[PDB]
Amino acid sequence: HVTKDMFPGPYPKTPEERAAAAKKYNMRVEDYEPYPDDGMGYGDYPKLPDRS
Amino acid sequence: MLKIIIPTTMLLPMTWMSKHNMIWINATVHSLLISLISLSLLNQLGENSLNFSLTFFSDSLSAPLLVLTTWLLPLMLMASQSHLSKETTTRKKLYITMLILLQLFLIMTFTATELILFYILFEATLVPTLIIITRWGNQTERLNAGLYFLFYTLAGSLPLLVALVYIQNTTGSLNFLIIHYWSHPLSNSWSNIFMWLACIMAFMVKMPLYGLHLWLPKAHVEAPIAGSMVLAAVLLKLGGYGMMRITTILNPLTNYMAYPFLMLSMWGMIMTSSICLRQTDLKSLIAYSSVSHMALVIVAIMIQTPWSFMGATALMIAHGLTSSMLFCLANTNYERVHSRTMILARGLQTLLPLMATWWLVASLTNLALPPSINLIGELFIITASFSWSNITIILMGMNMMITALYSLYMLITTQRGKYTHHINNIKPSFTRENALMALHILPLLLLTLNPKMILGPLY
Amino acid sequence: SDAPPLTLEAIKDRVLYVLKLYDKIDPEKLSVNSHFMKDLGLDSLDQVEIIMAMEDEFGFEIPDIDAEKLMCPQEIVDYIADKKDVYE
Amino acid sequence: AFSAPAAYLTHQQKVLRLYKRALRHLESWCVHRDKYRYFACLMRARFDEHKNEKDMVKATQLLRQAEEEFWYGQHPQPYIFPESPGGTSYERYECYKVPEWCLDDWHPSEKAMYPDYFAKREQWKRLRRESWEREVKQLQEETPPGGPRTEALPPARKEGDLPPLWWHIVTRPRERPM
Amino acid sequence: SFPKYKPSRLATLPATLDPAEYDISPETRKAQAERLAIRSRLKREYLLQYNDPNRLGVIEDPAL
Amino acid sequence: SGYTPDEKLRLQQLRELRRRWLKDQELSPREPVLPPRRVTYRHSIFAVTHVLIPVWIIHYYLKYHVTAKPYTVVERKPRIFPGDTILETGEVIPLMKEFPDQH
Amino acid sequence: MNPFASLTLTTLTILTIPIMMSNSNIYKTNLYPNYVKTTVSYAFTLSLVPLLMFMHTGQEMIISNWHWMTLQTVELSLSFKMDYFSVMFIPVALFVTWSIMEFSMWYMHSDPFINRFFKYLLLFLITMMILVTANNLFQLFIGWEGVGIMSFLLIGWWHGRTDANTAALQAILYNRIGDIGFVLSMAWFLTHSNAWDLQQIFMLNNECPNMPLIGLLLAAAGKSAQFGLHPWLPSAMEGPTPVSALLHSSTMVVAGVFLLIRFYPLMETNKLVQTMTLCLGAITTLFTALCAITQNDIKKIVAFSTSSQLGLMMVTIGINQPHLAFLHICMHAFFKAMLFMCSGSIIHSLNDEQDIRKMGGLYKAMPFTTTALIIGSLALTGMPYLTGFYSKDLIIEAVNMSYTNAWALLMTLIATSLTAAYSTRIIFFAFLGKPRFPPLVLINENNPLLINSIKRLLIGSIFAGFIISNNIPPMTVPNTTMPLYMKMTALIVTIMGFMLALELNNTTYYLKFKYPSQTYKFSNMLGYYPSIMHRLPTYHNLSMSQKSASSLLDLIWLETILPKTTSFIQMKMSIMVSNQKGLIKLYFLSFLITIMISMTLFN
Ligand SMILES: CCCCCCCCCCCCCCCCC[C@@H](O)O[C@H](CO[C@H](O)CCCCCCCCCCCCCCC)COP(=O)(O)OCC[N+](C)(C)C
Ligand SMILES: CCCCCCCCCCCCCCCCC[C@@H](O)O[C@H](CO[C@H](O)CCCCCCCCCCCCCCC)COP(=O)(O)OCC[N+](C)(C)C
Ligand SMILES: CCCCCCCC/C=C\CCCCCCCC(=O)O[C@H](COC(=O)CCCCCCC/C=C/CCCCCCCC)COP(=O)(O)OCCN
Ligand SMILES: CCCCCCCCCCCC(=O)SCCNC(=O)CCNC(=O)[C@H](O)C(C)(C)COP(=O)(O)O
């Protein structure tokens with residue numbers, strides 16, 4: 001029942017698509033922080049704290 | 001050999017002339033009877049072979065593979081009965097036809113006294129598998145998977161054909177007996193190096209070799225249960241059988257040319273066993289475990305010593321049975337949860353205790369617990385490698401440790417802990433699934449009583 | 001195990017026992033429904049001490065979030081009964 | 001456990017939690033009951049000397065030195081109740097907890113035994129079926145617009161109503177099902 | 001004064017030693033309130049779908 | 001601090017429901033309705049079915065099949081001491097060299 | 001006809017009958033545990049016969065009964081070795097297991113799956129007997145892995161508990177680390193001696209090289225929880241107390257030591273491997289006693305005691321005294337099994353409480369457990385003329401009278417003192433003071449199962465040392481003359497341990513509180529070994545397993561090289577080829593070009 005817009009995507013560049021990505025992952029825009037835009041395929045996915 | 005080939009062919013008109021609700025029963029019964037008949041090929045000789053005719057011959061390397069191929073079809077039918085319920089009679093008959101054609105091609109491939117006939121059947125097996133994957137697979141990636149499973153294979157197999165005909169233009173024959181008796185050394189030349197590569201790469205890609213294994217996870221994950229069973233159990237062993245046959249003309253060039261493949265396999269077994277530790281999908285984990293086991297078989301064949309060949313034969317049979325059982329267990333979970341994500345359905349021991357026992361025994365055989373034939377092949381290959389070089393023991397022991405780690409991780413994640421609360425559609429296990437699991441596992445524990453049946457021609 | 005299946009009466013009696021052995025409360029004025037803050041004039045430190053005494057006397061731990069809002073002996077008994085699934 | 005959590009912990013709650021933790025760890029250090037009582041009275045006294053501080057900045061500078069001191073002397077192996085999240089019998093009996101819906105998959109020969117139990121189960125299922133339709137409407141009308149702010153649930157308001165989302169709290173397996 | 005605890009990758013900072021919790025602001029409080037609001041909305045949706053007697057399958061999880 | 005009135009009321013209602021469920025979990029005097037259908041003495045029979053029969057089978061198998069092949073059962077060649085005599089030959093091993101016995 | 005072979009095989013065979021009946025009706029009843037216990041007791045009383053026959057004569061056999069596969073010049077057969085070690089260890093293991101099962105009939109009475117638990121215990125016993133009596137390396141490997149799998153199943157008995165599953169996987173991991181060396185040794189012996197049978201290995205190895213013995217030592221270190229691979233044994237206390245008492249206390253954990261005892265003819269011909277074994281044993285016993293003297297879980301203290309005793313056993317092996325190590329194995333079985341008996345009794349009486357801070361005055365509250373634990377502690381620390389004396393005293397004398405490391409000797413003496421220290425710690429904190437348990441007292445010892453099971457091992461721990469020491473033939477030259485102080489060294493260090501630890505324990509009553517020191521913290525967190533080594537390596541493995549192998553190479557670069565490059569190149573070439581606008585002017589211009597080029601190049 002998941003649509004295409006609810007899947008992970010590419011790294012966000014503008015604050016508008018940053019807000020869209022934060023809204024997609026059900027978390028605050030101020031708390032949303034993607035992985036650094038490197039060659040790794042992290043894309044658009046939140047970098048949550050490394051706590052176990 | 002026709003006393004096995006003709007009944008397998010008669011399976012087709014019998015399937016197509018059956019009632020709409022008798023296809024599974026008739027197919028299962030007659031495939032079981034064909035397996036029972038094929039079981040009499042195991043009476044092998046200490047001398048040359050069972051040379052039935054100019055076209056077909058049997059060997060104590062070919063006989064276990066033939067018996068496993070004949071035994072796999074009834075299990076595949078039992079596994080396919082469930083998810084094909086809502087489909088028309090003509091399409092179910094077509095599915096059973098694809099399975100029967102695959103068995104026929106595999107049977108003729110394993111005997112195949114001619115190398116060109118072996119190549120033709122070895123490539124004819126490609127079509128039924130591709131149709132099964134790209135027609136009766138569920139996800140949208142299946143098409144892509146099929147493409148990979150196709151082109152990789154042909155990318156390896158097209159040069160081989162050229163090499164093959166070249167050999168017959170120089171030797172005058174491609175009959176395996178004449179090739180074995182009239183074999184001559186290969187001089188260290190660039191032309192001979194490329195002939196060696198053309199002979200080896202086709203079988204290397206279907207093991208698969210570590211660098212060339214990309215097609216396998218896709219093809220095994222997107223295939224239906226019967227497709228995954230036949231891919232893991234029999235189709236992966238075609239490369240090993242072909243290498244064991246073809247390395248007779250590649251001496252002494254194998255001594256130099258084996259090094260890159262030996263390094264690739266010895267490091268890739270560690271790499272793929274480590275990959276299994278971080279896997280979110282059951283089928284992908286089982287596929288990577290298959291890659292590791294076949295890497296060990298590649299090492300065994302490349303070392304080309306008697307203990308290597310015996311261990312490789314034993315490991316091929318044991319891996320076929322164990323991987324088929326593991327895929328069947330994963331599919332039993334999937335048909336209930338429809339997700340194929342390992343972390344989703346948890347604590348299934350408290351709800352399915354007998355299925356938990358089946359999971360435990362499958363993990364134990366995958367873990368290579370003695371005196372299983374899995375460990376017999378493992379240990380024979382490891383001892384041969386140790387004689388080849390004492391430093392292989394580090395890589396082999398590390399692979400054993402990681403294998404145990406990921407097997408028990410797979411068992412603990414799915415069976416232990418607490419059940420998922422929101423999942424309430426976990427129905428009691430059917431008699432069909434339990435019978436399938438027993439029919440996988442009893443042959444293994446019963447073969448450990450008579451190992452010489454699966455130790456190959458160098459026993 | 002051989003642990004008796006404790007009942008509500010036992011829990012009530014044991015809670016009141018522990019409370020009457022707290023000498024900052026006079027036992028004769030104590031009652032099951034008496035509030036800790038106002039009916040007995042106890043500080044929140046006294047309340048957490050009482051929770052610790054209940055924990056040590058029943059052999060299990062009450063989490064801080066649940067413990068910090070238990071202000072009557074009756075509701076302490078009710079919390080223990082719900083945790084231990086007591087019938088009568 | 002049962003109570004819904006808040007958005008934050010107030011200063012008083014933090015102080016009380018530190019009090020409980022320090023007392024428990026002092027009990028771990030002071031094994032004997034008389035020694036523990038003496039040192040716990042001293043510990044309570046040391047809390048009490050700043051009970052009446054009016055400066056919030058002062059009180060927040062306090063509790064911080066206090067939690068640092070606690071982390072310094074915290075008895076790295078404190079006593080844990082056996083059933084607590086660190087105890088030796090924490091999740092011992094989770095493997096015996098079977099969901100109630102599994103009984104729906106029992107064979108009729110299995111349900112032939114225990115007929116009274118399954119009759120009462122049918123009554124409970126009917127009650128759940130009606131109460132759910134009432135509960136959905138009650139929760140929809142009582143929730144504030146824009147979604148809930150705290151995961152606290154209301155009780156029943158009318159005579160025949162049941163508390164919303166009650167089935168999986170009432171039908172817990174047991175603390176020790178077997 | 002006591003010896004200082006130095007956090008690491010595999011031994012993180014305790015919650016009670018975190019300077020951020022001692023530095024409160026109205027913006028911090030509203031951030032906590034709206035985090036709790038998101039969590040409560042998700043919990044309400046999950047429990048509404050979980051307690052439903054008509055539901056007879058796996059509850060789909062977009063996050064997973 | 002403490003419970004809000006709504007929290008009290010919800011806890012009380014849930015408590016009553018939970019206690020009624022828990023009471024309903026009990027068993028009636030007839031609840032295990034069992035469907036009946038069929039188609040030194042204990043120690044004496046145990047020592048026969050679990051000791052005597054296995055030792056009979058194992059002794060037969062060892063004496064008549066395992067010992068049939070060579071080298072299957074190999075013993076220790078028992079120790080020989082001075083002054084001993086041998087059953088098979090009958091000869092007597094000579095004594096030792098009469099060492100001085102003092103203390 | 002010479003009943004030695006028939007009876008020594010009938011023991012192991014009748015041990016397997018309840019496993020056959022595990023599908024019968026009795027397995028569905030409540031009489032199954034008693035059936036298993038009775039079978040084990042009958043097996044013990046039947047195995048008492050070969051012990052008598054050996055003690056009378058010294059009778060020895062190899063029984064190669066079933067011929068399994070033959071590998072060209074190598075023949076593999078089901079062969080049993082029935083030497084002194086096997087015929088002496090089997091009755092001890094059967095006696096201990098009989099007591100364990102009788103105890104479990106009371107300890108695990110409320111467990112819904114008790115028949116299964118009993119079945120699991122019998123399977124472990126069968127695998128252990130397979131390990132002990134094996135004549136070739138393949139059979140001994142079968143037993144080696146079987147006991148490990150049974151340990152994994154029995155540690156994770158409560159599979160809903162996360163910690164139990166974690167501990168079981170930990171045990172599997174460490175035992176696989178040892179399995180690496182086991183497989184190395186097997187491969188070496190096959191390649192060089194052309195055999196896995198013990199007879200050919202001994203015949204063809206007059207001066208054994210380093211690799212096979214180092215592999216054997218690595219396997220022994222893995223399975224007996226030596227210093228490098230130690231933490232799994234204390235972690236294994238997650239299982240039920242009978243499992244801890246039988247497997248991880250007296251029977252399974254000695255298996256590694258047993259292996260080095262089984263290969264002692266090759267160990268005495270190598271000098272470096274002996275030094276390695278001695279140093280490993282010394283560091284293990286010291287470190288584990290140091291960890292023990294400060295623990296609060298009673299089962300953890302007894303597990304660290306077991307680890308220290310195993311380290312002492314391998315010290316004895318390293319000083320080239322294998323028969324003495326075997327005797328210590330036999331005595332330790334008795335008294336450590338009874339020590340877990342008493343610990344489990346205390347835990348059960350106090351409502352599953354395992355912390356000694358909540359165990360108060362039990363000297364009078366429960367007296368039979370008290371006396372059994374006093375006797376067990378006396379036997380463990382070494383009390384003249386008890387069961388542990390006849391082993392430990394000779395161990396200490398042999399270490400003092402040998403050409404060894406000075407450091408290893410010092411650490412062995414310190415470990416003896418610390419053994420006394422943790423024994424008095426247990427007694428003082430569990431039995432002496434005022435009660436510290438919750439007010440509702442449910443203490444009860446009055447069950448004949450518990451009393452009888454404990455008292456059988458009690459009579460063992462009192463008299464078995466004397467009986468066995470006076471019944472076995474002498475297998476080494478003794479140390480008849482010693483300096484007067486150096487003969488007393490064990491008693492002196494043990495009494496110093498009691499006195500110093502008791503004095504330090506008596507200060508806990510003082511109305512004075514201080515913060516702990518660095519040494520206390522080091523001792524309490526187990527040298528910080530479980531922290532660092534369970535966080536740094538595992539993470540650094542798992543992270544890589546996702547970052548490099550799974551993503552960087554498999555999902556990115558292997559795709560980039562072969563398939564993606566081919567697809568890109570074919571895509572671009574197809575675009576270039578098929579993009580003509582349909583203008584025949586360009587077509588015929590190319591025709592002129594090609595025609596002109598063709599005529600000139602060829603000729
Ligand atoms: C439920 C709890 C248990 C209840 C049951 C208790 C009883 C257990 C006893 C059974 C297991 C214990 C092991 C003891 C084995 C006894 C029988 C064994 O000794 O016979 C074996 C004989 O069995 C065979 O060797 C093994 C069977 C072969 C398996 C074929 C597989 C069946 C076909 C299925 C399709 C194939 C799928 C896999 C493709 C490769 C080995 O005998 P061997 O010394 O050697 O020679 C035979 C006799 N000779 C001397 C006259 C020649
Ligand atoms: C990617 C996933 C895996 C896919 C499969 C990988 C396996 C393929 C590896 C091929 C096996 C070896 C190939 C050539 C071996 C010859 C020995 C050579 O390596 O050693 C030197 C060879 O010297 C140099 O190599 C000469 C050739 C240099 C050019 C080769 C390119 C180097 C990198 C290319 C690798 C790319 C592989 C994939 C291609 C698409 C010795 O020099 P010399 O003793 O005098 O001559 C020996 C040969 N003689 C006797 C017949 C004359
Ligand atoms: C998974 C994708 C892999 C794709 C295929 C990989 C295998 C590549 C093997 C080579 C392919 C063609 C080899 C030719 C087949 C054998 C025929 C032969 O041996 O004859 C040789 C002919 O040898 C050749 O012509 C070889 C030329 C090869 C040209 C194509 C090169 C392909 C790429 C080369 C680099 C990679 C090589 C190994 C790749 C391994 C796969 C990754 C000698 O005969 P004559 O010349 O008549 O007698 C000598 C006196 N005149
Ligand atoms: C042995 C292990 C280590 C131990 C070391 C730890 C050292 C801790 C000692 C630090 C001293 C302090 O109290 S830290 C000072 C913290 N700030 C304040 O105390 C200001 C106002 N006090 C409150 O609000 C309280 O809640 C109160 C009114 C008492 C109850 O309230 P109730 O009426 O709502 O119950």
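The chains referred to below are lettered A, B, ... by the order of the sequence lines, with proteins before strands, and numbering in each begins at 1.
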Heavy-atom closest contact (G/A549 atom, B/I275 atom, distance): O-CD1, 3.5 Å
Is G/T166 close to chain B through its backbone or its side chain, or both, or neither, when contacts mean heavy atoms under 4.5 Å? neither
Counting only heavy atoms from other residues, nucleotides and ligands, does the tally under 6.0 Å from CG of B/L154 exceed 12? yes
Given the rule in the side chain to side chain contact (heavy atoms under 4.5 Å, CB included) test, do B/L379 and G/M186 qualify, once you have shown the distances and angles that lead to the verdict? CA-CA 9 Å; B/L379 183 59; G/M186 264 177 81; 3.5 Å; yes
Chain G contact via B/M396 - which portion, at a heavy-atom distance below 4.5 Å: neither
With chain B, which of G/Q546, G/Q139, G/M211 has the greatest number of heavy-atom pairs at distances under 4.5 Å? G/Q546
Could you walk me through whether G/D554 and B/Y288 pass the side chain to side chain contact (heavy atoms under 4.5 Å, CB included) test, one step at a time? CA-CA 11 Å; G/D554 189 358; B/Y288 277 109; 2.2 Å; yes
Specify which of G/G181, G/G160, G/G215 makes the most heavy-atom pairs with chain B at under 4.5 Å. G/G160
Should B/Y152 and G/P563 count as side-chain neighbours, where that means a heavy-atom distance under 4.5 Å? yes
Need one label for G/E559: side chain, backbone, both or neither, based on atoms under 4.5 Å from any heavy atom in chain B. both
Where is the tightest heavy-atom contact between B/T383 and G/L190, given as atom of each residue plus distance? CG2-CD2, 3.5 Å
So which heavy atom on B/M400 is nearest to which on G/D179, and how close? CE-O, 4.3 Å
Part of G/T162 lying under 4.5 Å from any heavy atom of chain B: neither
Atom OG of B/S363 and atom CD1 of G/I149: how far apart are they, to the nearest 0.5 Å? 10.0 Å
In terms of heavy-atom contacts, B/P371 and G/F138 come closest through CB-CE2, 3.8 Å
Gap separating the NZ atom of B/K452 from the CH2 atom of G/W68, nearest 0.5 angstrom: 12.0 Å
Let's test your reading of the structure: which of B/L369, B/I394, B/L277 forms the most heavy-atom pairs below 4.5 Å with chain G? B/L369
Neighbour count above 12 (heavy atom, 6.0 Å) for G/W66 CH2: yes
How far apart are the C-alpha atoms of G/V74 and B/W307, what are their side-chain angles, what is the distance that settles it, and do they pass the side chain to side chain contact (heavy atoms under 4.5 Å, CB included) test? CA-CA 11 Å; G/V74 182; B/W307 283 69; 4.2 Å; yes
Note: G/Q72 and B/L458 closest approach over all heavy atoms is NE2-O, 3.0 Å
The interface call for G/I142 against chain B, heavy-atom contacts under 4.5 Å, is both
Rounded at 0.5 Å granularity, tell me how far CD1 in B/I402 sits from OG in G/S545. 7.0 Å
CE (G/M533) with more than 12 external heavy atoms under 6.0 Å: no
Tell me the closest heavy-atom pair linking G/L542 and B/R278, and the distance in Å. O-NH1, 2.9 Å
Separation between CG of G/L153 and CG of B/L364, rounded to the nearest 0.5 Å: 7.5 Å
From CZ (B/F386) to CG (G/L184), nearest 0.5 Å: 5.5 Å
Report, as yes or no, whether the 6.0 Å neighbourhood of atom CE on G/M571 holds more than 12 heavy atoms from other residues, nucleotides or ligands. no
Is chain B contacted by the side chain of G/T70, its backbone, both, or neither, given a heavy-atom distance below 4.5 Å? both
What part of G/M544 gets closer than 4.5 Å to chain B, counting heavy atoms only: side chain, backbone, both or neither? neither
Is the side chain of B/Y459 donor-acceptor paired with the backbone N or O of G/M69 at a distance under 3.5 Å, no angle test? no
Is it the backbone or the side chain of G/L562 that comes under 4.5 Å from a heavy atom of chain B, or both, or neither? side chain
When rounded to the nearest 0.5 Å, the distance separating CG of B/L405 from CZ of G/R176 is 8.5 Å
Is the side chain of B/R416 donor-acceptor paired with the backbone N or O of G/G156 at a distance under 3.5 Å, no angle test? yes
Check each atom of G/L553 against the heavy atoms of chain B and say whether the ones under 4.5 Å are side chain, backbone, both or neither. side chain
Shorter than 4.5 Å, heavy atoms on both sides: which option in B/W215, B/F151, B/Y210, B/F380 has the most such pairs with chain G? B/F380
When only pairs under 4.5 Å are counted, which of B/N450, B/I393, B/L214 shares the most heavy-atom pairs with chain G? B/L214
For side chain to side chain contact (heavy atoms under 4.5 Å, CB included), just list the numbers for G/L558 and B/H213, CA-CA rounded to whole Å, side-chain angles, deciding distance to a tenth of an Å, and then say yes or no. CA-CA 9 Å; G/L558 286 186; B/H213 76 295; 3.8 Å; yes
